[PDB]
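What follows is the residue order along each chain.
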Amino acid sequence: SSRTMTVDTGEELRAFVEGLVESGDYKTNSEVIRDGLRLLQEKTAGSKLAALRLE
Amino acid sequence: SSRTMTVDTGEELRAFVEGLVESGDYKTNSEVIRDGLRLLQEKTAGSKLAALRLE
Amino acid sequence: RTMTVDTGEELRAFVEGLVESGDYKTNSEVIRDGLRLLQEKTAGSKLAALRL
Amino acid sequence: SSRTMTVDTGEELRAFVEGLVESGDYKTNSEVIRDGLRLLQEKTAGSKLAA
Amino acid sequence: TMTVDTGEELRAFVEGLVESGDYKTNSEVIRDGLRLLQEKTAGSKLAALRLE
Amino acid sequence: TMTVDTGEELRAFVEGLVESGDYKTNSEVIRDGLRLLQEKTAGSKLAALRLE
Amino acid sequence: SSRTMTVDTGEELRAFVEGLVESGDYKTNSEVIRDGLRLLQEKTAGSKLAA
Amino acid sequence: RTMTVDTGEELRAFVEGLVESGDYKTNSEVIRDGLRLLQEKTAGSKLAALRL
Amino acid sequence: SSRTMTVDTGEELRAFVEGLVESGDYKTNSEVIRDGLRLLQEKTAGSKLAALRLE
Amino acid sequence: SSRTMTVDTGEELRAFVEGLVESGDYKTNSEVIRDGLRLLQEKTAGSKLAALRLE
Amino acid sequence: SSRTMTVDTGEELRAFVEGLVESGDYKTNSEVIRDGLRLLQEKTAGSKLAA
Amino acid sequence: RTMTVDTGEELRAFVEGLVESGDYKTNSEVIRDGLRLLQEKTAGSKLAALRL
Amino acid sequence: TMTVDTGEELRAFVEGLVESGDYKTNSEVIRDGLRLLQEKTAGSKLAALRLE
Amino acid sequence: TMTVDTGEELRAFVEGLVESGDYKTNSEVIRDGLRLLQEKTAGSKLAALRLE
Amino acid sequence: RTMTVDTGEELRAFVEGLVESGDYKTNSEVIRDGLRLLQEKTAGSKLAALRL
Amino acid sequence: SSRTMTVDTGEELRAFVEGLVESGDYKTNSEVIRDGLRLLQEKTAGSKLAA
C-alpha cells in the first residue's frame, strides 16, 4: 500500500505545505500532498474531458 | 526557487499521478503534484476557515 | 467498536470546543458527525460514480 | 493535552473508514478522521451560526 | 413518547424558539428538526447510493 | 432531560437512523436535527432581519 | 369535509399574518394561509423524500 | 390565539395527509410550518429590503 | 383596502386562471391575479433596473 | 382570442400596476396583469407539484 | 417623439412573434416586442458593462 | 418583412440610447436582439417543455 | 469599416446565422459577438482588478 | 476575407483589446467574439429545441 | 515577443485540432486564448484577493 | 511531431506568464502554458458545441 516519490514543489508551495502542517490540520507533509491529489482526482473524475475521453 | 521533498502518496494515488503524466496533460510527476497543491491552495484561501482565522 | 486515532492537539481543541458549546455531548459524537459529512461527500462524489 | 483520541464509531462507520484506507486514497484510519474533522471545521467556520 | 438528552444549550435553543412564538411547544421544535433531518437524509446522495 | 412527542413514524425514522449505525443513540439523532435547525435558524434572512 | 379551518397560530404568527394583510398584498387572513400552504405543498412535492 | 380561515377542500386534504404521514401532529402544526416558510421568504425578499 | 379593475387577459390565460381555481390551490380568480402580481412585484423589486433607476 | 374579467386586486397592488404603466414599460393595465400571469404560468409549469400531479 | 415603431424583423422573427400571439399568452405583436425590450432593458441595466 | 408596433415613448428612448451608444446600428437591430432573447427564453422555458 | 480574417468555417457560422433569419446581415452577427465579448470583458474579475 | 460595419465605438473596443496586449490583431478579437457567440448558440435551449 | 515552451505531443495535437477546426487561425492564437482564460481565473481567484 | 512550441504571446501576456513563475506557483514558463491549455481543453470538452 505504501509508495514514496521525490517531487520538486518549489519554495513557495513548500512553504504553503509546511504552513498547513504547522496549523495542525494535517500531521505530515505527505498528508497535505495526498489531500491535494485527492482534490485533483475528484476534479479529474467529474471533468467533462474525462466524460469525453470515455465515449 | 527550486525545492524538493520526498512524500509517501501510496500506490493508488501514485498510479493516479502516473496516469496524468501518461496522458500528456502534464510533463512530470512534480507538475501533477504542483497542480494539486495549487488547487488545495486556492481552496484554502477562499475557505471560510481562512476568513475566520484572519479576524 | 472503538478506533484509536492521531488527531493532533489543534484538532482536539476544535473537537473539545464543539463539546463545550453543548451542540455535541461527547468527543466521539463530534467525530461521528465528521465521518457522516465525509461519507455523504464520498458517496455523492464524481469519483464515486466513476469507480462504479 | 493528547494528540491521540479513541473514538466510538460503531462497526458501520469503522467499516466506512477502513474502506477508504483499503481504497488507497488515505494511508491511515487517523488520516480519514482528520479529513472528516477538516470538513466539519470548514462547515462550522462558514456557518451563519458562526457569524 | 421519546426522552432525549439534549444538553441545556440545546434546551435553551428550543425554548427560545417557543418563546419567539413561531413554535407552540418544545415537541414541535424537535419534530421540525427531525423533518429537516429526514428531508436531508432522503435526498442524500448516500441514500441515493444505498436505495437509488 | 427533555421529553418530546414525536409520533411513531418519527420514532421509526430516528430508530432507523440508529440501526444504520451512522448514529449511536436516539438522542444523537435529535441533537443532529436540532443542530440542523439551529444552523438554518441562524442563517435565516429573518434572523438577519431581527438581529442583522 | 370542511373548507373552513380554525388554526392555533399564536399571537406572533397572527401578527405576521395581519401585517401582510395590512400591507395590502393579501386581501384576507385566509389568503395568507393559502399562500403559505402553497409554499409547503410545492416543497413537499419536490422534496427528495417525496421521490 | 386562533384564526378562522377558508382553506378549501383540496388544501385541507393536503393538510390532513401531512398529518396522517405522522410528520405533523395537528392541522394547526402544518399551518404554522407553512407560515414559517412564508415568513422566511417574506423577510429575505428583495421587496422586503426595498420597503425598508 | 379593496379595489377592482376589469382586465383583458385573453382566453388562454383566462383558462390558465380558471384551472388554478379549479385545483383548489386558490379560492377566487382575484386571488390568482393577486398572486401573479405579487410575483411580478418581487421580480421588479430585485431587478437590476429598479436598482439602476434608484441611483 | 379576447376575454375580459373584473378582479379585486386591492389598492396597494393596483398602485403597483399603475406605476408600471406610468413607467412606460407596459402600455395598459391589462398588459401588466398578463405579464404577471405569464410569470405565474411559467412557475406553475416547472413546479415539482405540476410534475408530481402529472405522474 | 413616436410611440409607434416599424421594425425590420424578417419573416422568421415575425413568424416567432405571430406564434406567441396565436398561443394567446400575448394579445398583440406590440406586446411581444415590449416583452423582449423589457428583457433587454433588464439585461443591459444589470450588465457589468452598465456598472 | 416589417412589423408596426406600439413601443411607447420611454421604450423608444431606451431603444435610441442603445443606438447612440454605438453597440447597435439601427432601431430594428435593437428589437431583433430583444426578440432573440425572448425566443431563447421561450424555447428553454419549462412551459415550452410542458406544451410539447 | 473593418476588414477581418475569419477563416471560412467562421464565415459559414455567420452566414448560417443570417440564413436562420434571427439576424439580417453578417455585420449584425459580428456586432452581436462583440457585444457578447464586451459584456464578458467588462464583467471580468480581471477588469475588476484593473479598474475596480 | 470578411468586411463588417462595426461602427466606431465597437472599433474602439476592439482596438482597446489589441492595445491591452491580450490580443494581437483586430481579427483575433472578432474571432474570439464569434467563438463566444458560437458556443452560446450551440448551447442554446433553442438550438436544443431545433436539433435536440 | 516569443516564448519557447514544452507542450508535449498530446497537447500539441489538441492545439492543432483547434486550428484545423478553423475556430483559431494559428497555434499561437490558441495559446493566447488559453492564457486569457488563466489570466481571468487568476485575477478572480480567492488567492488573488488574499495576496493583496 | 514536436513537443516544443514557440508562441507569439506579446510582451504583456509574457509578463503575465513570468509573473506566475516569479510567484513560485509554477516552475517554468512551459508549465504555465500547459495550465492554460488544460483550462481550454476542459472548456472545449464540456462545451455544448462539443456535444
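About the cut-offs
- Residues numbered from 1 in each chain as written, not as in the entry; some residues may be left out.
- Chains lettered and ligands numbered in written order.
- Heavy atoms only, no water.
- Helix = DSSP H or I, 4+ residues; strand = E, 2+ residues; numbered from the N terminus.
- Rg over C-alpha atoms; globule rule 2.2 N^0.38 Å.
- Buried < 20%, exposed > 50% of the residue type's maximum accessible area, 1.4 Å probe, protein only.
- Areas by Shrake-Rupley, 256 points an atom, 1.4 Å probe, with all protein chains shown as cover.
- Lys, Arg positive; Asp, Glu negative; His and termini not counted.
- Charge placed at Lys NZ, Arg CZ, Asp CG, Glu CD.
- Contact = heavy atoms within 4.5 Å.
- Buried area = accessible area lost by both parts, 1.4 Å probe.
- Salt bridge = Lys/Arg side-chain N within 4 Å of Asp/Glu carboxyl O.
- Polar contact = N/O pair within 3.5 Å; in protein donor to acceptor, adjacent residues only side chain to side chain.
- Nonpolar A, V, L, I, M, F, W, Y, C, P; charged D, E, K, R; others polar.
- Least-squares fit on C-alpha atoms.
- Pairing = 2+ DSSP bridges.
- Axes fitted to C-alpha atoms, helices over the stretch in contact; angles between N-to-C directions.
- Parallel < 35°, antiparallel > 145°, perpendicular 65-115°, else oblique.
- Left-handed = near helix turned anticlockwise from the far one by under 90°.

Student: Got a sec to walk through the overall build of chain D? Specific residues and values, please.
Tutor: On a plain count of helices and strands, chain D comes out with two helices and one strand. Listing every helix and strand of chain D by position from the N terminus yields β-α-α. For chain D, the C-alpha radius of gyration of 13 Å lies well beyond 10 Å, the compact-globule estimate for 51 residues. Overall, chain D is about 40 × 25 × 20 Å in size when its C-alpha atoms are taken along their principal axes. Buried positions account for 49% of the 51 residues belonging to chain D. As displayed, chain D has an accessible area near 2,200 Å², and 51% of this comes from carbon and sulfur atoms. Charge-centre separation for chain D: the mean point of 7 positive side chains lies 9 Å from the mean point of 9 negative side chains.

Student: Outline the interface of chain J and chain K, listing residues and values.
Tutor: With ten residues of chain J at the contact, the number on the chain K side is nine residues. Here chain J meets chain K over a buried area of about 890 Å², counting both sides, of which 32% is carbon and sulfur. Two residues, J:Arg34 and K:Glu31, come together in a salt bridge whose shortest N-O distance is 2.9 Å. The interface formed by chain J and chain K holds five residue pairs in polar contact in total. Split into classes, the residues belonging to the side of chain J that touches chain K amount to one nonpolar, three polar and six charged.

Student: How would you sum up the interface of chain B and chain A? Please name residues and give values.
Tutor: A common way to express how large an interface is: the accessible area buried when the components associate. At the interface, 36 residues of chain B touch 36 residues of chain A. Counting each side, the surface lost to burial between chain B and chain A is near 3,600 Å², with a carbon and sulfur contribution of 64%. The largest share of the area that chain B buries against chain A comes from B:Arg3, B:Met5 and B:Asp8, three residues that together contribute 19% of it. Between A:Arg53 and B:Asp25 there is a salt bridge, with the nearest N and O atoms lying 2.9 Å from each other. Here chain B and chain A share 20 residue pairs in polar contact between them. If you list the elements that add at least two residues to the side of chain B that touches chain A, you get β1 (4-8), α1 (11-22), α2 (29-45) and α3 (48-54) of chain B. Ranked by residues supplied to the side of chain B that touches chain A, first place goes to α2(B) with 14 residues.

Student: Account for the relation of the copies chain B and chain A, with residues named and values stated.
Tutor: With an RMSD of 0.0 Å, chain B superimposes on chain A once it is rotated by 180 degrees and translated 0.0 Å along the axis. Considering both components of the superposition, the chain copies are consistent with a two-fold axis. In terms of proximity to the rotation axis, the leading residue of chain B is B:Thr6, whose C-alpha is 2.0 Å off the axis.

Student: Can you explain the pairing of strand β1 (residues 4-8) of chain D? Please cite residues and give values.
Tutor: Here β1(D) shows a clear split, with D:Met5 and D:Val7 buried on one side and none of D:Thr4, D:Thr6 and D:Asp8 buried on the other. Relative to β1(D), strand β1 (residues 2-6) of chain C runs antiparallel, the two being bridged by five bridges. Paired with C:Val5 across the strands is D:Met5, a residue of β1(D).

Student: Describe the environment of K:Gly10, naming the residues involved and giving the relevant values.
Tutor: All names here are of chain K. Relative to the assigned elements, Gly-10 resides in helix α1 (residues 10-22). With a relative accessible area of 15%, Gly-10 lands in the buried category. Considered as a pair, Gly-10 and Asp-25 are 15 residues apart in the sequence and their alpha carbons are 22 Å apart.

Student: An account of the side chain of L:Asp23 is needed here, citing residue identities and associated values.
Tutor: Take L:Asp23: it is sitting in the loop between α1 (9-20) and α2 (27-44). In this structure L:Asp23 is buried but unpaired, with M:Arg35 as the nearest side chain of opposite charge at 6.4 Å.

Student: If you had to explain the packing of helix α2 (residues 29-45) of chain G against helix α1 (residues 9-20) of chain H to someone new, which residues and values would you point to?
Tutor: Packing of α2(G) against α1(H) leaves a shortest axis separation of 11 Å and a crossing angle of 55 degrees. The pairing of α2(G) with α1(H) is recorded here as oblique in orientation. Considering only the axes of α2(G) and α1(H), their crossing is left-handed. When α2(G) is examined against α1(H), the residues G:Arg34, G:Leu37, G:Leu40, G:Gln41 and G:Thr44 are found in contact with a partner set consisting of H:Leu11, H:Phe14, H:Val15 and H:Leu18.

Student: With reference to specific residues and values, describe the arrangement of the chains.
Tutor: Left apart from each other, chain A and chain I have a closest C-alpha approach of 33 Å. At the C-alpha level, the nearest point of chain E lies 35 Å from chain K, with no contact between them.

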